């Protein structure tokens, strides 16, 4: 009967955050702090309409917010953020109690400097 | 239609004909009843898994435990018949004629 | 004395010492110094799938950190 | 046997049947049928003769395969539109398997081969309780799931069960086989009007249960297996004879007596449809299954067979059986004729 | 590399079992006043090599069978259980991380019951059938107990992954919050391995022998993971593997050491003792280990 | 008394009775239920913003919403 | 007969094992949640006969959500057509991973 | 199929051990039955018990405690019934 | 973020797969190019043969059956 | 070793049901039901199957066939194949071969249905955030919502115990 109304390939081109998983998992909480304020727009769109192919502008918005956040954490302290997530990477499933002292180090970096 | 359901229904008919036609021992009949039980278990479990019928997913294990204690009662009845007779054939039961 | 039984128990304990240590060495070798990612939940498996998708090598151990941001 | 254990087993029969009555989930109905089987097995083999053992074996095999075919029908129901609500089904095939399962559960013509064999080698109490609760338990389920049944199923099983309980029945003097063939004929009657007005089915269920309770209570008052023992009961006591007369004639269904009232209302709310030849066929077979009742009455209370002494000895002992409740059930079962508009007490 | 992992698991099992034979003979010899086997080379490792290859050399039992296929089909099942039962056992990194492994343990124990029953039926005339029937009874009467106790000791940890067990053993040993439950579990392991002080008084005798001793080492490794042990700092698995091997070896020596000095029980005493003393006590420990985590505000982080 | 007769049964009844009773006198069961309730499985779903309600806080740093503080402090 | 002590005592002890979309212990849906909600709201205050003859469209939508029969029929027709045209040889296929 | 690979390797190596070991050198009682059915029924009640450590994280804890104690209590009543009523005697 | 990438990827497979279908089925009579079989105007969740259809085995086996027997 | 492994294990499953529905000696029947239960465990674990298919394995292949083989050992003898048994096995293999041949080289096979004939990688999850293996939390109900169900189940098993002892000479 009725045909679907798919979006085009012009909206299906956002600069995708092609980052890996352990760095994204370790960089979650402060990403919840600074960013993730305008993506509850996306969450409320997803739970008031059960229809992606519609809420994709806010998906592009959370994509650019996460990329902007990782740009901002890339430019400033820390570069031992790399040491922190590679300390937490090879520990099986990533328990956050594993590398706790360097978690304190990254917190002290980002707190005293940003 | 999730094609495997056809094979498990045909397997149910296999176990049901094995339950109905049975030559000598009652134990084969009771074990094919158990096979029919397993068929219903597997068929309903694949249905509930693919449905994501996650609230009432109790059907496989509870169907299992009930018809298992049915099979326990059948074992006790077969032991009683084999105790008051020599064997447990379908024959040597032709007394009490209808 | 029991100095003459400790070689037997010693060699049998070495026979029990070997397989987990060699297995953990093969775990660390088959992912380039990484640990093999355990998988118990759909969340961890989907995170692993997007990790092996974004890596480019279709391999989840390369772990591609901070050098594809801009 | 302990009396505590028998009270427990009666509690579990009542629990299983009430679970069948009260639940709305399919698993719970299947649990109720199975628990009814598991509890009713040690009421049989109450003695330790091998007759009751073989009877319980046959009963267990047929009852368990009926239970599992019922579970097959339910899992077909959820292979189609799937929810655990006792309602209209969603497959003619599932309804076919389910009504054939319940036809195995309660006494039907292709499936009646276990009923006289299970009733012959058991005592009277086990036969009474199995007839009452094992003909009460599926009727609630059929009353529930009537609006999605192909009618030819129910009507074919009803017609053939009435004529089999008729024709098979002219040959046995084993009183348990007589009562079993009567059960087959009346269950055909009580299943026939399921798709037209089930008030008649449940009223016929009430009347049949009270009648069979009266009949088996009269047999428990003086232990008999044959008609010649009933002639000895004629010699020893006269009031049992007129009770056998009235209760056999109310199993026969004559219009002065209360057993006619379930036939007549069936014929009424059957012939308000376009079914006339089917009522006259069913009521001709209802004339047929009165003949073994009538030769039984001729054997008991109207002609008289020669008697044996030591009835002279049994004269010196007055009767000392306890009846559970015989006279209340008797005059409830036989003088109920002017209370036909207690039809509408039911729905 | 995965078949290399499997072969590095199931190649040292023959070494482990044969050296366990020499170790049990030497340890019984020194619980007794006997030295040896030490004439066959230095302290006799070539002595298990020699008697293993001797029993391979020696001419088999002539049939005398019923369904030759069934008669070969029972010990092949016993030895493939003994091989396929070291897959989810964690010394630090197990071969297969599972959602649940302990129910797999109990299920393969029941398959060992199948092995005993099939060898008993396919063996011989009626007296060995009665003996193996009593053996199946006294084996099956304990899988109630061991599964009950294993359930009550994992209930402190909530999950079945068993790497959560090696996490939750970090602070104290699990022998301290459940000593009597662990003690009864150890008695049930003596029951499942079917040794003294429990009675059992074939072909191939070497294969049934192999299944026996791999079952023993299996239960010892599962004990050492289950109730005691120590921590595991990552990127150094040799430390935990050393401590695990030393504790499992001490426990297996204690196992044969308990075997060494007790007479076999009467059979009706065995059933009587199991039912009327372990079964109410297991129920008591289960209901207290149910009602206690809801008391002490400690229900486990079952993720 | 029966402590000499069937002692393991009496010990089983004793630990059974204390397992029955002991959750009644318990200062930790409300702690257990708060711990068990305060762990979310699904997504904490947002809502359409406000009818100018002094609840449902906008920043996740804002402590106007109901949070947990007895977790960190044992 | 069917009795109603289930409704009479006010203990709804058996209505939760019954359908989907009753509240799961963690608030997750099934695979065909919304189809059920609209179908139940279609046939609620209904005497189960105009449920048969009026809510047919949404019931067929729910059934084809639950089993996905004819959608698999369409996909299977696409597969058989793809097989016979790759057997023919026209456009050695760029529907896999590349042009 | 990875554990199926392990099962296949163990099964094939076991068959190699057996076949190379073989090509090279060339009435009853009711008391037997009661213990097995007692095993069967208590094992099914174990099957009802054993998802208890799955369940202990919910928002209904007192009810879980009550019905878990009811399950072990029913199992204990069955045990004590066959204990007192000469079910396992000799 | 994972949700947004997932939505863009499934709509990407929808767009490319209906482009493939529109290229491939121009011989059969009938056949509207992109009809849902359903009637309501709602985005149904696809069935893993609308997403991973005609991908020839490898990716669909590593995608559907991946977690089911991955360790 | 390929995609239709669920279908192939189903073929071995129905072969096992035929293999003991041909009525052998009941210890061969117990063997056939053990093999059938193992491959049914394989099928349901292929659907995953994380708990329930390993759960059946302890009950039927852990507690039921043990007592079935036990009662085969203690009650019936069957002391010595036949035409009828192996002939029914041949006809069952013929019926399965015919049905699966018509599934393979045609569209669909209909008893009275429309079984859409291809192997089932469809349908399946589209990689959702499961995080608890939904079987696990489902069966981790029955103690919050499950008031009536576990009560009547345990009560039925208790009545099963008293029934078994009564028939086997209560008290």
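We place every Cβ from the backbone using ideal geometry, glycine too, and count neighbours over all the protein chains shown. Readers should treat all values here as calculations from the given coordinates under stated rules, not as data from a laboratory.
Quick notes on this one:
- Scope the range I:51-64; condition in contact with a helix residue (DSSP H, G or I) (Cβ under 8 Å, 6 or more places away or on another chain), on the phi < 0 side of the Ramachandran plot and within 7 Å of another protein chain (Cβ to nearest Cβ); matching residues: I:51, I:53
- Beta carbons closer than 6 Å, at least 6 apart along the sequence or on distinct chains, pair a first residue in the range D:170-194 that is on the phi < 0 side of the Ramachandran plot with a second that is assigned to a loop (DSSP other than H, G, I, E, B) for D:173/D:226; D:178/D:172; D:181/D:168; D:181/D:169; D:183/D:107; D:184/D:107; D:185/D:289; D:187/D:107.
- Number of the exception - residue D:36 against (1) surrounded by 18 or more Cβ atoms within 10 Å (Cβ to Cβ); (2) within 10 Å of chain J (Cβ to nearest Cβ): (2)
- Listed conditions (1) over 17 Å from residue B:24 (Cβ atoms); (2) surrounded by 24 or more Cβ atoms within 10 Å (Cβ to Cβ) are all met by residue J:72, apart from (1).
- Selection from the range B:48-62 of residues that are closer than 20 Å to residue J:37 by Cα and touching a helix residue (DSSP H, G or I) at 6+ places or on another chain (Cβ under 6 Å): B:49, B:59, B:60
- Of all residues in the range B:78-98 being in a loop (DSSP other than H, G, I, E, B) and farther than 21 Å from residue D:115 by Cα, the one that is nearest to the chain's Cα centre (by Cα): B:88
- Among the residues making up the range J:1-39, those that are closer than 18 Å to residue J:78 by Cβ and not in a helix (DSSP H, G or I) are J:22, J:23, J:24, J:25.
Okay, residues lined up against (1) facing chain J (nearest Cβ under 8 Å); (2) in contact with a strand residue (DSSP E or B) (Cβ under 6 Å, 6 or more places away or on another chain); (3) under 30 Å from residue J:72 (Cα atoms):
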{"residue": "H:25", "(1), (2), (3)": "no, no, no"}
{"residue": "H:28", "(1), (2), (3)": "yes, no, yes"}
{"residue": "H:35", "(1), (2), (3)": "no, no, yes"}
{"residue": "H:47", "(1), (2), (3)": "yes, no, yes"}
{"residue": "H:52", "(1), (2), (3)": "yes, no, no"}
{"residue": "H:57", "(1), (2), (3)": "yes, no, no"}
{"residue": "H:61", "(1), (2), (3)": "no, no, no"}
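- Hey, residue E:73 over 17 Å from the mean Cα position of the chain (by Cα), within 30 Å of residue H:2 (Cα to Cα), surrounded by 15 or more Cβ atoms within 10 Å (Cβ to Cβ) and more than 10 Å from chain C (Cβ to nearest Cβ) or not: yes
- The set of residues in the range I:4-36 that are under 19 Å from residue G:33 (Cβ atoms) and either facing chain A (nearest Cβ under 7 Å) or assigned to a loop (DSSP other than H, G, I, E, B) (or both) comprises I:7, I:36.
- For residue D:63: the one exception among (1) assigned to a helix (DSSP H, G or I); (2) within 8 Å of another protein chain (Cβ to nearest Cβ); (3) within 30 Å of residue B:9 (Cα to Cα): (2)
- Looking across the range C:25-52, the residues that are in a helix (DSSP H, G or I), closer than 23 Å to residue E:92 by Cβ and more than 7 Å from every other protein chain (Cβ to nearest Cβ) come down to C:25, C:28, C:29.
- Filter result for residue G:13 (closer than 28 Å to residue J:144 by Cα and either surrounded by fewer than 16 Cβ atoms within 10 Å (Cβ to Cβ) or touching a helix residue (DSSP H, G or I) at 6+ places or on another chain (Cβ under 7 Å) (or both)): yes
- Any hit, the range C:8-24, residues being within 14 Å of chain J (Cβ to nearest Cβ) and more than 30 Å from residue E:37 (Cα to Cα): no
- Scanning the range J:19-40 for residues that are closer than 24 Å to residue J:116 by Cα, at the interface with chain B (Cβ under 8 Å from one of its Cβ atoms) and either over 13 Å from the mean Cα position of the chain (by Cα) or surrounded by fewer than 22 Cβ atoms within 10 Å (Cβ to Cβ) (or both) turns up nothing.
- Hey, residue E:128 away from chain H (no Cβ under 12 Å) and either on the phi > 0 side of the Ramachandran plot or buried (at least 18 other Cβ atoms within 10 Å of the Cβ) (or both) or not: no
- Set D:297, D:319: member being within 17 Å of residue D:229 (Cβ to Cβ) and in a helix (DSSP H, G or I): D:297
- Looking only at the range J:92-109, and only at residues there that are out of contact with any helix residue (DSSP H, G or I) (no Cβ under 7 Å at 6 or more places or on another chain) and outside any helix (DSSP H, G or I), the one that is nearest to residue B:14 (Cα to Cα): J:108
- The residue list B:57, B:28 contains one member that is out of contact with any strand residue (DSSP E or B) (no Cβ under 9 Å at 6 or more places or on another chain), in a loop (DSSP other than H, G, I, E, B), at the interface with chain J (Cβ under 7 Å from one of its Cβ atoms) and crowded, with 22+ Cβ neighbours inside 10 Å, which is B:57.
- Helices (runs of 4 or more DSSP H) completely within the range H:1-73 that count 3 or more residues being surrounded by fewer than 17 Cβ atoms within 10 Å (Cβ to Cβ): H:2-23
- The lone exception for residue A:85 - which of (1) facing another protein chain (nearest Cβ under 10 Å); (2) more than 11 Å from the chain's Cα centre (by Cα); (3) surrounded by fewer than 17 Cβ atoms within 10 Å (Cβ to Cβ) it fails: (3)
- Helices (runs of 4 or more DSSP H) contained in the range E:207-303 and holding at least 3 residues surrounded by 21 or more Cβ atoms within 10 Å (Cβ to Cβ): E:237-259, E:279-291
- For the residues D:199, D:217, the requirement of being under 19 Å from the mean Cα position of the chain (by Cα) and surrounded by fewer than 19 Cβ atoms within 10 Å (Cβ to Cβ) singles out D:199.
- All of E:14, E:103, E:9, E:95 fail the test of being closer than 30 Å to residue J:61 by Cα, within 10 Å of another protein chain (Cβ to nearest Cβ) and surrounded by fewer than 18 Cβ atoms within 10 Å (Cβ to Cβ), apart from E:14.
- Looking only at the range C:30-63, residues that are at positive phi and either surrounded by 18 or more Cβ atoms within 10 Å (Cβ to Cβ) or in contact with a strand residue (DSSP E or B) (Cβ under 9 Å, 6 or more places away or on another chain) (or both) come to 1 in all.
- Members of the range F:20-30 that are assigned to a helix (DSSP H, G or I) and within 18 Å of the chain's Cα centre (by Cα): F:29, F:30
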